[PDB]
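Participant: See data_5.cif below, with mmCIF, C-alpha atoms and all ligand atoms.
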data_data
#
loop_
_atom_site.label_atom_id
_atom_site.label_comp_id
_atom_site.auth_asym_id
_atom_site.auth_seq_id
_atom_site.Cartn_x
_atom_site.Cartn_y
_atom_site.Cartn_z
CA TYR A 1 -0.68 -22.85 14.94
CA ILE A 2 -3.97 -21.29 16.08
CA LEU A 3 -2.25 -18.16 17.47
CA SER A 4 0.09 -15.60 15.95
CA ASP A 5 3.61 -14.45 16.84
CA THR A 6 2.45 -11.55 19.00
CA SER A 7 -0.42 -13.55 20.50
CA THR A 8 1.86 -16.30 21.84
CA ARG A 9 4.22 -13.84 23.57
CA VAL A 10 1.33 -12.43 25.67
CA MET A 11 1.89 -15.40 28.00
CA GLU A 12 5.15 -13.76 29.12
CA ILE A 13 3.80 -10.22 30.10
CA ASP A 14 2.47 -11.11 33.61
CA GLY A 15 -0.89 -11.90 35.24
CA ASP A 16 -2.46 -14.04 32.55
CA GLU A 17 -3.64 -16.09 35.51
CA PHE A 18 -6.34 -13.43 36.05
CA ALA A 19 -9.63 -13.74 34.23
CA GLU A 20 -10.20 -11.79 31.08
CA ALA A 21 -13.14 -9.90 32.60
CA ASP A 22 -10.65 -8.36 35.04
CA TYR A 23 -8.63 -6.86 32.15
CA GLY A 24 -11.61 -5.34 30.36
CA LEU A 25 -12.55 -8.16 27.97
CA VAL A 26 -15.92 -9.90 28.08
CA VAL A 27 -17.57 -12.55 25.94
CA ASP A 28 -20.56 -10.75 24.44
CA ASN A 29 -23.26 -12.01 22.12
CA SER A 30 -25.61 -9.05 22.33
CA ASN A 31 -27.18 -6.51 20.00
CA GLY A 32 -24.39 -4.02 20.71
CA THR A 33 -21.61 -6.06 19.10
CA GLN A 34 -23.64 -7.21 16.11
CA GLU A 35 -24.51 -3.56 15.48
CA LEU A 36 -20.82 -2.68 15.80
CA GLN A 37 -19.91 -5.55 13.47
CA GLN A 38 -22.52 -4.55 10.89
CA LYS A 39 -21.30 -0.95 11.09
CA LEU A 40 -17.62 -1.90 10.75
CA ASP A 41 -18.14 -3.88 7.54
CA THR A 42 -20.51 -1.32 6.02
CA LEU A 43 -17.85 1.31 6.80
CA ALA A 44 -15.24 -0.89 5.12
CA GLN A 45 -17.42 -1.34 2.04
CA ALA A 46 -17.84 2.43 1.85
CA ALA A 47 -14.06 2.63 2.20
CA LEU A 48 -13.39 -0.01 -0.47
CA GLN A 49 -14.90 2.36 -2.99
CA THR A 50 -13.41 5.90 -3.08
CA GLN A 51 -10.03 4.04 -3.09
CA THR A 52 -9.48 4.36 0.67
CA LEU A 53 -9.01 0.66 1.48
CA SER A 54 -7.13 -1.72 -0.79
CA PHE A 55 -8.34 -5.14 -1.87
CA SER A 56 -5.56 -6.59 0.28
CA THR A 57 -7.09 -5.07 3.41
CA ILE A 58 -10.78 -5.94 2.94
CA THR A 59 -10.10 -9.67 2.63
CA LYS A 60 -8.22 -9.42 5.92
CA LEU A 61 -11.33 -7.77 7.37
CA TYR A 62 -13.59 -10.62 6.23
CA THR A 63 -11.30 -13.19 7.92
CA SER A 64 -10.65 -11.45 11.24
CA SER A 65 -13.49 -12.52 13.64
CA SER A 66 -12.60 -9.80 16.18
CA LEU A 67 -13.99 -6.26 16.26
CA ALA A 68 -10.70 -4.68 17.34
CA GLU A 69 -8.38 -6.21 14.73
CA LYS A 70 -10.80 -5.18 11.98
CA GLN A 71 -10.97 -1.74 13.59
CA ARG A 72 -7.18 -1.35 13.50
CA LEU A 73 -7.02 -2.33 9.82
CA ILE A 74 -9.35 0.53 8.87
CA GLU A 75 -7.12 2.82 10.94
CA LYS A 76 -3.86 1.43 9.54
CA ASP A 77 -4.86 1.58 5.89
CA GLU A 78 -6.20 5.13 6.17
CA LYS A 79 -2.96 6.39 7.73
CA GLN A 80 -0.86 4.77 5.00
CA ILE A 81 -2.77 6.28 2.07
CA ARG A 82 -3.17 9.72 3.68
CA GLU A 83 0.59 9.66 4.21
CA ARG A 84 1.05 8.72 0.54
CA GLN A 85 -1.28 11.46 -0.71
CA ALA A 86 0.37 14.10 1.48
CA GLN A 87 3.82 13.26 0.13
CA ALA A 88 2.44 13.10 -3.42
CA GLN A 89 1.13 16.62 -2.86
CA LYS A 90 4.57 17.60 -1.54
CA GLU A 91 6.58 16.11 -4.42
CA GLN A 92 4.27 17.71 -7.00
CA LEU A 93 4.69 21.05 -5.23
CA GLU A 94 8.50 21.02 -5.25
CA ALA A 95 8.63 19.68 -8.82
CA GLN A 96 6.90 22.77 -10.22
CA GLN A 97 9.09 24.87 -7.91
CA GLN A 98 12.30 23.34 -9.25
CA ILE A 99 10.82 23.84 -12.72
CA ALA A 100 10.32 27.44 -11.57
CA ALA A 101 13.94 27.32 -10.36
CA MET A 102 15.44 26.04 -13.62
CA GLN A 103 13.57 28.56 -15.78
CA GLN A 104 14.74 31.32 -13.42
CA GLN A 105 18.35 30.12 -13.54
CA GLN A 106 18.43 30.24 -17.35
CA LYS A 107 16.78 33.64 -17.79
CA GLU A 108 19.26 35.32 -15.47
CA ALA A 109 21.80 33.32 -17.47
CA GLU A 110 20.29 35.00 -20.52
CA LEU A 111 20.36 38.25 -18.54
CA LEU A 112 24.00 37.87 -17.54
CA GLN A 113 24.89 36.89 -21.12
CA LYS A 114 23.57 40.06 -22.76
CA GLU A 115 25.41 42.30 -20.30
CA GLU A 116 28.72 40.53 -20.94
CA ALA A 117 27.83 40.56 -24.64
CA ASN A 118 27.44 44.35 -24.60
CA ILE A 119 30.66 45.35 -22.76
CA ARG A 120 32.89 43.42 -25.14
CA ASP A 121 31.38 45.47 -27.93
CA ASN A 122 32.13 48.58 -25.86
CA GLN A 123 35.76 47.80 -24.97
CA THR A 124 36.56 46.71 -28.53
CA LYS A 125 35.17 50.07 -29.66
CA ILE A 126 37.93 51.52 -27.48
CA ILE A 127 40.43 49.29 -29.32
CA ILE A 128 39.36 50.27 -32.85
CA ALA A 129 39.56 53.87 -31.64
CA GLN A 130 43.07 53.15 -30.35
CA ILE A 131 44.84 51.53 -33.33
CA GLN A 132 44.35 54.18 -36.03
CA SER A 133 45.24 56.98 -33.58
CA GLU A 134 48.89 55.89 -33.71
CA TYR B 1 -3.25 -36.06 -10.70
CA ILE B 2 -5.71 -34.63 -8.16
CA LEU B 3 -3.12 -32.52 -6.30
CA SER B 4 -0.90 -29.58 -7.19
CA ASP B 5 2.89 -29.39 -7.20
CA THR B 6 2.94 -27.66 -3.82
CA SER B 7 0.25 -29.90 -2.33
CA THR B 8 2.26 -33.08 -2.89
CA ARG B 9 5.22 -31.52 -1.05
CA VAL B 10 3.77 -31.01 2.46
CA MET B 11 4.12 -34.77 2.98
CA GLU B 12 7.90 -34.24 3.11
CA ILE B 13 7.47 -32.09 6.24
CA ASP B 14 7.21 -33.84 9.61
CA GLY B 15 3.59 -33.08 10.42
CA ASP B 16 1.16 -35.25 8.47
CA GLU B 17 1.15 -37.97 11.11
CA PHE B 18 -1.21 -35.76 13.14
CA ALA B 19 -4.74 -34.49 12.67
CA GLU B 20 -5.46 -31.41 10.60
CA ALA B 21 -7.35 -29.74 13.46
CA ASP B 22 -4.05 -29.56 15.36
CA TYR B 23 -2.69 -27.17 12.69
CA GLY B 24 -5.67 -24.83 12.56
CA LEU B 25 -7.78 -26.45 9.82
CA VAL B 26 -11.35 -27.69 10.35
CA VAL B 27 -14.21 -28.66 8.07
CA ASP B 28 -17.00 -26.09 8.28
CA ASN B 29 -20.50 -25.69 6.89
CA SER B 30 -21.92 -22.80 8.93
CA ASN B 31 -23.21 -19.29 8.43
CA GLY B 32 -19.60 -18.15 8.86
CA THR B 33 -17.79 -19.75 5.92
CA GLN B 34 -20.84 -19.45 3.68
CA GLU B 35 -20.83 -15.69 4.22
CA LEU B 36 -17.11 -15.58 3.41
CA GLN B 37 -17.65 -17.30 0.06
CA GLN B 38 -20.26 -14.67 -0.83
CA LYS B 39 -18.05 -11.83 0.39
CA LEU B 40 -15.09 -13.06 -1.65
CA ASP B 41 -17.12 -13.61 -4.82
CA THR B 42 -18.85 -10.25 -4.53
CA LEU B 43 -15.51 -8.52 -3.93
CA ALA B 44 -14.16 -10.37 -6.96
CA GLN B 45 -16.85 -8.83 -9.16
CA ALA B 46 -16.24 -5.33 -7.84
CA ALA B 47 -12.55 -5.97 -8.60
CA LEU B 48 -13.31 -7.36 -12.06
CA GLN B 49 -14.94 -4.11 -13.04
CA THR B 50 -12.90 -0.95 -12.39
CA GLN B 51 -10.04 -2.89 -14.05
CA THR B 52 -8.48 -4.25 -10.85
CA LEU B 53 -8.82 -7.98 -11.62
CA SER B 54 -8.30 -9.66 -14.97
CA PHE B 55 -10.48 -12.17 -16.79
CA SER B 56 -7.85 -14.90 -16.41
CA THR B 57 -7.87 -14.72 -12.61
CA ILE B 58 -11.68 -14.58 -12.34
CA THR B 59 -11.78 -17.97 -14.06
CA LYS B 60 -9.32 -19.20 -11.43
CA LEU B 61 -11.56 -17.95 -8.61
CA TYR B 62 -14.66 -19.78 -9.85
CA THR B 63 -12.77 -23.09 -10.01
CA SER B 64 -10.78 -22.59 -6.81
CA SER B 65 -12.76 -24.53 -4.12
CA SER B 66 -10.73 -22.96 -1.27
CA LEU B 67 -11.59 -19.76 0.57
CA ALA B 68 -7.93 -19.09 1.33
CA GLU B 69 -6.70 -19.79 -2.20
CA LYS B 70 -9.00 -17.14 -3.66
CA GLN B 71 -7.98 -14.86 -0.81
CA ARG B 72 -4.36 -15.18 -1.95
CA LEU B 73 -5.33 -14.66 -5.62
CA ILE B 74 -7.21 -11.37 -5.19
CA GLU B 75 -4.28 -10.08 -3.17
CA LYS B 76 -1.97 -11.37 -5.92
CA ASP B 77 -3.42 -9.45 -8.86
CA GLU B 78 -4.11 -6.30 -6.85
CA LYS B 79 -0.41 -6.14 -6.03
CA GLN B 80 0.32 -6.60 -9.74
CA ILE B 81 -1.76 -3.59 -10.79
CA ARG B 82 -0.55 -1.26 -8.01
CA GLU B 83 3.06 -1.74 -9.09
CA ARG B 84 2.18 -1.12 -12.75
CA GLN B 85 0.20 2.03 -11.93
CA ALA B 86 3.02 3.31 -9.72
CA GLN B 87 5.71 2.72 -12.35
CA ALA B 88 3.62 4.22 -15.17
CA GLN B 89 3.17 7.36 -13.08
CA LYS B 90 6.93 7.45 -12.45
CA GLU B 91 7.63 6.80 -16.14
CA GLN B 92 5.32 9.69 -17.04
CA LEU B 93 6.94 11.84 -14.34
CA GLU B 94 10.46 11.35 -15.68
CA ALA B 95 9.23 11.81 -19.27
CA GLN B 96 8.11 15.39 -18.63
CA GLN B 97 11.37 15.99 -16.75
CA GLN B 98 13.56 14.69 -19.58
CA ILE B 99 11.70 16.75 -22.19
CA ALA B 100 12.22 19.73 -19.87
CA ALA B 101 15.85 18.61 -19.66
CA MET B 102 16.37 18.63 -23.43
CA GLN B 103 14.44 21.88 -23.90
CA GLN B 104 16.73 23.38 -21.24
CA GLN B 105 20.00 22.47 -22.98
CA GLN B 106 18.78 23.61 -26.39
CA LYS B 107 17.92 27.14 -25.26
CA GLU B 108 21.28 27.29 -23.50
CA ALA B 109 22.62 26.22 -26.88
CA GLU B 110 20.81 29.27 -28.22
CA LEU B 111 22.40 31.11 -25.30
CA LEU B 112 25.97 29.86 -25.75
CA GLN B 113 25.86 30.46 -29.50
CA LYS B 114 25.09 34.19 -29.37
CA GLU B 115 27.86 34.96 -26.90
CA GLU B 116 30.42 33.24 -29.14
CA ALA B 117 28.74 34.74 -32.23
CA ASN B 118 29.03 38.40 -31.23
CA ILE B 119 32.63 38.15 -29.99
CA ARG B 120 33.52 36.73 -33.42
CA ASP B 121 32.19 39.93 -34.96
CA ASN B 122 34.28 41.78 -32.36
CA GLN B 123 37.61 40.02 -32.89
CA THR B 124 37.36 40.37 -36.67
CA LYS B 125 36.53 44.06 -36.09
CA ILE B 126 39.95 44.51 -34.44
CA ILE B 127 41.55 42.97 -37.54
CA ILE B 128 39.90 45.70 -39.67
CA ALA B 129 41.41 48.58 -37.69
CA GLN B 130 44.83 46.92 -37.52
CA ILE B 131 45.12 46.51 -41.31
CA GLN B 132 44.26 50.16 -42.06
CA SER B 133 46.89 51.36 -39.57
CA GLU B 134 49.75 50.05 -41.74
CA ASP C 1 1.78 -2.62 12.39
CA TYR C 2 1.69 -3.68 16.05
CA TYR C 3 2.79 -0.21 17.14
CA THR C 4 -0.69 1.11 16.39
CA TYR C 5 -2.20 -1.82 18.31
CA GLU C 6 -2.97 -1.60 22.02
CA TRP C 7 -2.42 -3.92 24.97
CA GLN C 8 -6.15 -4.51 25.40
CA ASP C 9 -6.26 -5.20 21.65
CA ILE C 10 -3.53 -7.87 21.59
CA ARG C 11 -5.21 -9.55 24.56
CA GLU C 12 -8.49 -9.40 22.61
CA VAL C 13 -7.08 -10.93 19.43
CA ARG C 14 -5.53 -13.80 21.42
CA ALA C 15 -8.84 -14.38 23.20
CA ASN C 16 -10.76 -14.61 19.93
CA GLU C 17 -8.19 -16.79 18.16
CA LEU C 18 -8.60 -19.28 21.00
CA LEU C 19 -12.39 -19.04 20.92
CA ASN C 20 -12.93 -18.98 17.15
CA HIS C 21 -10.84 -22.11 16.68
CA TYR C 22 -12.26 -24.39 19.36
CA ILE C 23 -15.87 -23.44 18.63
CA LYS C 24 -15.31 -24.66 15.07
CA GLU C 25 -13.18 -27.66 16.08
CA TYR C 26 -15.35 -29.30 18.74
CA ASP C 27 -18.58 -27.98 17.17
CA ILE C 28 -19.45 -26.27 20.44
CA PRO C 29 -22.93 -24.94 19.22
CA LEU C 30 -24.12 -28.56 19.33
CA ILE C 31 -22.77 -29.06 22.88
CA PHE C 32 -24.82 -26.04 23.95
CA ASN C 33 -27.78 -27.45 22.03
CA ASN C 34 -27.89 -30.70 23.99
CA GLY C 35 -27.61 -28.60 27.14
CA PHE C 36 -30.83 -26.77 26.33
CA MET C 37 -32.72 -30.06 26.30
CA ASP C 38 -31.66 -30.67 29.91
CA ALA C 39 -32.67 -27.10 30.69
CA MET C 40 -36.27 -27.72 29.67
CA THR C 41 -36.34 -31.18 31.32
CA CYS C 42 -34.53 -30.68 34.65
CA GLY C 43 -34.28 -26.96 35.06
CA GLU C 44 -30.50 -27.47 35.01
CA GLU C 45 -27.86 -26.66 32.40
CA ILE C 46 -24.34 -27.56 33.51
CA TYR C 47 -21.00 -27.80 31.67
CA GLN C 48 -17.46 -28.65 32.75
CA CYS C 49 -14.46 -26.99 31.09
CA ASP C 50 -11.36 -29.11 31.69
MG MG D 1 -4.84 -32.63 -12.13
#
Can you give me the file's structure in the form of structure tokens?
Facilitator:
Amino acid sequence: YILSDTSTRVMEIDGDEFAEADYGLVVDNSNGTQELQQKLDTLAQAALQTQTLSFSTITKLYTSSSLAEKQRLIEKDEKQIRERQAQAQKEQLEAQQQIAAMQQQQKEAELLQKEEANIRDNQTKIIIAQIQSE
Amino acid sequence: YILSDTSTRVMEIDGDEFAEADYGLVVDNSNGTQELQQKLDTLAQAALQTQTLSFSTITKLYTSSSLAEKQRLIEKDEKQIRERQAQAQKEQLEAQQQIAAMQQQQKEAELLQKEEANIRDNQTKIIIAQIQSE
Amino acid sequence: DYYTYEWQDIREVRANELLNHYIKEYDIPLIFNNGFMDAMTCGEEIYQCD
């Protein structure tokens, strides 16, 4: 109840006997981590405006209590939107190109129509030359 | 009368014989949960303006009394606007495509008319030369 | 979303979810506050974690 799905399965990947300061994790109340916490929420507030982080994400940042989860949410929400803007640029590029394709397909259809329109005048001129000659 | 429809239903689950602090819930008056109530109510106001949160839901946030209820309400209405803004973009995207669809078929209707028009002048022209030959 | 996470990150979330809960449950900042009064009176400040 106090841990997540992924947090409870850590007990299986081995060595949890060994202290956390052997695996690179220390308990730190010092001016480094309050400066990193005050930076990481100011950065999120500057990312809330300019429509870079959703209102779903920032409330997860306020209820995280760990500087690495709230770091990964800034990273995750930037990659999602920058993927969405890059495909929105792509779909708007091909849409004007298929518009450029459908206008091109009809004007050569106009172009092929006037050449088949002309020859049937020309061959029927051969017919009206042919009938009275008998 | 003091509880909701959902809140009277957790008694049916086999857990309310035990303390609440065994399921991750504690009472807290600290600098932690007091900062969260500010950070939710300030984020509510920045969501009220810029048209992201409605006036009906803001009245629910002021009379909410739970920091996780008003977390689930700001995420509720933000998901409601992002689906409306996505579908209105897609409705506007298909609208320009279907106008371009009906303008395409009408100029092909100008195209298909003038090929069947001119041949009708041609086939009647062969009737002229065939009558005079008798 | 746990593909962008790291192994040192998942170990760090689990460590904080243990520590953020039990600090708020037992009210540990008061246990450390009684221990300061023995620090100024004995010169000793001892705790057992069991
Ligand atoms: Mg009532």
Participant: Could you list, as a PyMOL selection string, all residues that come within 10 Å of ligand MG 1 (chain D)? Count only C-alpha atoms and all ligand atoms.
Facilitator: chain B and resi 1-5
Participant: Output as a ChimeraX atom specification the set of chain C residues within 12 Å of chain B, with distances taken over only C-alpha atoms.
Facilitator: /C:17-18,20-27,29
Participant: Please identify every residue of chain B that has at least one atom no more than 7 Å from any atom of chain A, counting only C-alpha atoms, and report them as JSON, numbers by chain.
Facilitator: {"B": [23, 24, 36, 71, 75, 78, 111, 115, 122, 126, 129, 130, 133]}
Participant: As lines of an AutoDock Vina configuration file, please: the centre and edge lengths in Å, to one decimal, of an axis-aligned box enclosing every listed atom of segment 33-49 of chain B with 3 Å added on each side.
Facilitator:
center_x = -16.7
center_y = -11.9
center_z = -3.6
size_x = 14.3
size_y = 21.6
size_z = 25.0
Participant: Once chain A is fitted onto chain B by least squares over all its in-order Cα atoms, send the moved chain as a PDB file with C-alpha atoms, in the frame of the given file.
Facilitator:
ATOM      1  CA  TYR A   1      -3.127 -35.673 -10.617  1.00  0.00           C
ATOM      2  CA  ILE A   2      -5.580 -34.341  -8.015  1.00  0.00           C
ATOM      3  CA  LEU A   3      -2.894 -32.263  -6.237  1.00  0.00           C
ATOM      4  CA  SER A   4      -0.480 -29.596  -7.418  1.00  0.00           C
ATOM      5  CA  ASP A   5       3.318 -29.319  -7.351  1.00  0.00           C
ATOM      6  CA  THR A   6       3.431 -27.430  -4.058  1.00  0.00           C
ATOM      7  CA  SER A   7       0.643 -29.521  -2.529  1.00  0.00           C
ATOM      8  CA  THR A   8       2.486 -32.821  -3.046  1.00  0.00           C
ATOM      9  CA  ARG A   9       5.704 -31.562  -1.408  1.00  0.00           C
ATOM     10  CA  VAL A  10       3.831 -30.801   1.857  1.00  0.00           C
ATOM     11  CA  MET A  11       4.252 -34.503   2.682  1.00  0.00           C
ATOM     12  CA  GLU A  12       7.975 -33.845   3.207  1.00  0.00           C
ATOM     13  CA  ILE A  13       7.765 -30.876   5.747  1.00  0.00           C
ATOM     14  CA  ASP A  14       7.180 -32.952   8.946  1.00  0.00           C
ATOM     15  CA  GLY A  15       4.241 -33.941  11.172  1.00  0.00           C
ATOM     16  CA  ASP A  16       1.603 -34.611   8.551  1.00  0.00           C
ATOM     17  CA  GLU A  17       0.755 -37.533  10.809  1.00  0.00           C
ATOM     18  CA  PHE A  18      -1.038 -35.028  13.082  1.00  0.00           C
ATOM     19  CA  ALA A  19      -4.657 -34.192  12.420  1.00  0.00           C
ATOM     20  CA  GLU A  20      -5.526 -31.082  10.517  1.00  0.00           C
ATOM     21  CA  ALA A  21      -7.479 -29.644  13.457  1.00  0.00           C
ATOM     22  CA  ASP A  22      -4.175 -29.523  15.354  1.00  0.00           C
ATOM     23  CA  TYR A  23      -2.646 -27.225  12.696  1.00  0.00           C
ATOM     24  CA  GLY A  24      -5.544 -24.778  12.606  1.00  0.00           C
ATOM     25  CA  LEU A  25      -7.672 -26.259   9.809  1.00  0.00           C
ATOM     26  CA  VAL A  26     -11.217 -27.493  10.366  1.00  0.00           C
ATOM     27  CA  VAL A  27     -13.911 -28.839   8.074  1.00  0.00           C
ATOM     28  CA  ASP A  28     -16.682 -26.254   8.342  1.00  0.00           C
ATOM     29  CA  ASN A  29     -20.089 -26.145   6.716  1.00  0.00           C
ATOM     30  CA  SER A  30     -21.565 -23.275   8.693  1.00  0.00           C
ATOM     31  CA  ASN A  31     -23.035 -19.846   8.039  1.00  0.00           C
ATOM     32  CA  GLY A  32     -19.660 -18.197   8.652  1.00  0.00           C
ATOM     33  CA  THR A  33     -17.914 -19.716   5.631  1.00  0.00           C
ATOM     34  CA  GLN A  34     -20.832 -19.314   3.241  1.00  0.00           C
ATOM     35  CA  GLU A  35     -20.965 -15.648   4.250  1.00  0.00           C
ATOM     36  CA  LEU A  36     -17.211 -15.405   3.666  1.00  0.00           C
ATOM     37  CA  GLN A  37     -17.595 -17.169   0.315  1.00  0.00           C
ATOM     38  CA  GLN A  38     -20.461 -14.916  -0.771  1.00  0.00           C
ATOM     39  CA  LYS A  39     -18.434 -11.872   0.285  1.00  0.00           C
ATOM     40  CA  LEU A  40     -15.275 -13.021  -1.522  1.00  0.00           C
ATOM     41  CA  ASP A  41     -17.018 -13.456  -4.878  1.00  0.00           C
ATOM     42  CA  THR A  42     -19.035 -10.245  -4.558  1.00  0.00           C
ATOM     43  CA  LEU A  43     -15.732  -8.483  -3.793  1.00  0.00           C
ATOM     44  CA  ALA A  44     -14.201 -10.099  -6.878  1.00  0.00           C
ATOM     45  CA  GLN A  45     -17.120  -9.008  -9.052  1.00  0.00           C
ATOM     46  CA  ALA A  46     -16.693  -5.463  -7.757  1.00  0.00           C
ATOM     47  CA  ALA A  47     -13.004  -5.859  -8.583  1.00  0.00           C
ATOM     48  CA  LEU A  48     -13.645  -7.249 -12.076  1.00  0.00           C
ATOM     49  CA  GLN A  49     -15.145  -3.905 -12.977  1.00  0.00           C
ATOM     50  CA  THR A  50     -12.950  -0.830 -12.283  1.00  0.00           C
ATOM     51  CA  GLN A  51     -10.201  -2.902 -14.024  1.00  0.00           C
ATOM     52  CA  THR A  52      -8.676  -4.199 -10.778  1.00  0.00           C
ATOM     53  CA  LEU A  53      -8.886  -7.937 -11.519  1.00  0.00           C
ATOM     54  CA  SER A  54      -8.229  -9.393 -14.955  1.00  0.00           C
ATOM     55  CA  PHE A  55     -10.425 -11.918 -16.725  1.00  0.00           C
ATOM     56  CA  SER A  56      -7.609 -14.424 -16.230  1.00  0.00           C
ATOM     57  CA  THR A  57      -7.921 -14.137 -12.453  1.00  0.00           C
ATOM     58  CA  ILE A  58     -11.710 -14.310 -11.997  1.00  0.00           C
ATOM     59  CA  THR A  59     -12.008 -17.646 -13.801  1.00  0.00           C
ATOM     60  CA  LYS A  60      -9.364 -18.969 -11.417  1.00  0.00           C
ATOM     61  CA  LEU A  61     -11.550 -17.701  -8.569  1.00  0.00           C
ATOM     62  CA  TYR A  62     -14.616 -19.563  -9.856  1.00  0.00           C
ATOM     63  CA  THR A  63     -12.635 -22.843 -10.005  1.00  0.00           C
ATOM     64  CA  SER A  64     -10.797 -22.685  -6.677  1.00  0.00           C
ATOM     65  CA  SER A  65     -13.120 -24.300  -4.038  1.00  0.00           C
ATOM     66  CA  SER A  66     -11.025 -22.964  -1.128  1.00  0.00           C
ATOM     67  CA  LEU A  67     -11.497 -19.626   0.633  1.00  0.00           C
ATOM     68  CA  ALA A  68      -7.769 -19.010   1.092  1.00  0.00           C
ATOM     69  CA  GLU A  69      -6.587 -19.608  -2.483  1.00  0.00           C
ATOM     70  CA  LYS A  70      -9.309 -17.281  -3.768  1.00  0.00           C
ATOM     71  CA  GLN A  71      -8.276 -14.793  -1.085  1.00  0.00           C
ATOM     72  CA  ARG A  72      -4.643 -14.840  -2.234  1.00  0.00           C
ATOM     73  CA  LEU A  73      -5.632 -14.257  -5.869  1.00  0.00           C
ATOM     74  CA  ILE A  74      -7.401 -11.009  -4.954  1.00  0.00           C
ATOM     75  CA  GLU A  75      -4.261 -10.028  -3.036  1.00  0.00           C
ATOM     76  CA  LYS A  76      -1.862 -11.098  -5.797  1.00  0.00           C
ATOM     77  CA  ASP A  77      -3.674  -9.368  -8.637  1.00  0.00           C
ATOM     78  CA  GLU A  78      -4.047  -6.107  -6.712  1.00  0.00           C
ATOM     79  CA  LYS A  79      -0.321  -5.970  -5.928  1.00  0.00           C
ATOM     80  CA  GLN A  80       0.604  -6.575  -9.570  1.00  0.00           C
ATOM     81  CA  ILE A  81      -1.573  -3.799 -11.008  1.00  0.00           C
ATOM     82  CA  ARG A  82      -0.756  -1.285  -8.251  1.00  0.00           C
ATOM     83  CA  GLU A  83       2.899  -1.987  -9.004  1.00  0.00           C
ATOM     84  CA  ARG A  84       2.204  -1.406 -12.711  1.00  0.00           C
ATOM     85  CA  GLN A  85       0.333   1.854 -12.103  1.00  0.00           C
ATOM     86  CA  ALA A  86       3.038   3.171  -9.771  1.00  0.00           C
ATOM     87  CA  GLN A  87       5.755   2.558 -12.354  1.00  0.00           C
ATOM     88  CA  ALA A  88       3.538   4.010 -15.094  1.00  0.00           C
ATOM     89  CA  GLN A  89       3.256   7.127 -12.944  1.00  0.00           C
ATOM     90  CA  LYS A  90       7.047   7.084 -12.533  1.00  0.00           C
ATOM     91  CA  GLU A  91       7.879   6.667 -16.232  1.00  0.00           C
ATOM     92  CA  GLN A  92       5.434   9.430 -17.203  1.00  0.00           C
ATOM     93  CA  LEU A  93       7.039  11.694 -14.602  1.00  0.00           C
ATOM     94  CA  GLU A  94      10.611  11.235 -15.844  1.00  0.00           C
ATOM     95  CA  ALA A  95       9.538  11.451 -19.499  1.00  0.00           C
ATOM     96  CA  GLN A  96       8.276  15.020 -19.090  1.00  0.00           C
ATOM     97  CA  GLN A  97      11.394  15.737 -17.015  1.00  0.00           C
ATOM     98  CA  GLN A  98      13.728  14.522 -19.757  1.00  0.00           C
ATOM     99  CA  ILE A  99      11.590  16.551 -22.162  1.00  0.00           C
ATOM    100  CA  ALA A 100      12.235  19.408 -19.722  1.00  0.00           C
ATOM    101  CA  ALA A 101      15.913  18.392 -19.853  1.00  0.00           C
ATOM    102  CA  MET A 102      16.220  18.378 -23.651  1.00  0.00           C
ATOM    103  CA  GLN A 103      14.505  21.755 -24.067  1.00  0.00           C
ATOM    104  CA  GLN A 104      16.828  23.167 -21.391  1.00  0.00           C
ATOM    105  CA  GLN A 105      19.918  21.711 -23.069  1.00  0.00           C
ATOM    106  CA  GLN A 106      19.075  23.354 -26.405  1.00  0.00           C
ATOM    107  CA  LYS A 107      18.198  26.806 -25.068  1.00  0.00           C
ATOM    108  CA  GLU A 108      21.494  27.104 -23.225  1.00  0.00           C
ATOM    109  CA  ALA A 109      22.926  25.807 -26.499  1.00  0.00           C
ATOM    110  CA  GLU A 110      21.136  28.740 -28.109  1.00  0.00           C
ATOM    111  CA  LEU A 111      22.442  30.878 -25.244  1.00  0.00           C
ATOM    112  CA  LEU A 112      26.028  29.708 -25.657  1.00  0.00           C
ATOM    113  CA  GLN A 113      25.750  30.167 -29.437  1.00  0.00           C
ATOM    114  CA  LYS A 114      24.832  33.859 -29.342  1.00  0.00           C
ATOM    115  CA  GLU A 115      27.690  34.682 -26.974  1.00  0.00           C
ATOM    116  CA  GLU A 116      30.238  32.954 -29.215  1.00  0.00           C
ATOM    117  CA  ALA A 117      28.488  34.582 -32.177  1.00  0.00           C
ATOM    118  CA  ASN A 118      29.005  38.049 -30.682  1.00  0.00           C
ATOM    119  CA  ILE A 119      32.722  37.839 -29.736  1.00  0.00           C
ATOM    120  CA  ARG A 120      33.784  36.795 -33.221  1.00  0.00           C
ATOM    121  CA  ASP A 121      32.143  39.959 -34.472  1.00  0.00           C
ATOM    122  CA  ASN A 122      34.080  41.854 -31.794  1.00  0.00           C
ATOM    123  CA  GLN A 123      37.537  40.368 -32.442  1.00  0.00           C
ATOM    124  CA  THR A 124      37.154  40.729 -36.214  1.00  0.00           C
ATOM    125  CA  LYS A 125      36.340  44.394 -35.581  1.00  0.00           C
ATOM    126  CA  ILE A 126      39.813  44.508 -34.031  1.00  0.00           C
ATOM    127  CA  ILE A 127      41.194  42.943 -37.232  1.00  0.00           C
ATOM    128  CA  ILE A 128      39.536  45.385 -39.652  1.00  0.00           C
ATOM    129  CA  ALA A 129      40.855  48.137 -37.382  1.00  0.00           C
ATOM    130  CA  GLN A 130      44.312  46.556 -37.619  1.00  0.00           C
ATOM    131  CA  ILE A 131      44.863  46.090 -41.376  1.00  0.00           C
ATOM    132  CA  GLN A 132      44.343  49.644 -42.662  1.00  0.00           C
ATOM    133  CA  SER A 133      46.434  51.088 -39.803  1.00  0.00           C
ATOM    134  CA  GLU A 134      49.585  49.731 -41.464  1.00  0.00           C
TER     135      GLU A 134
END
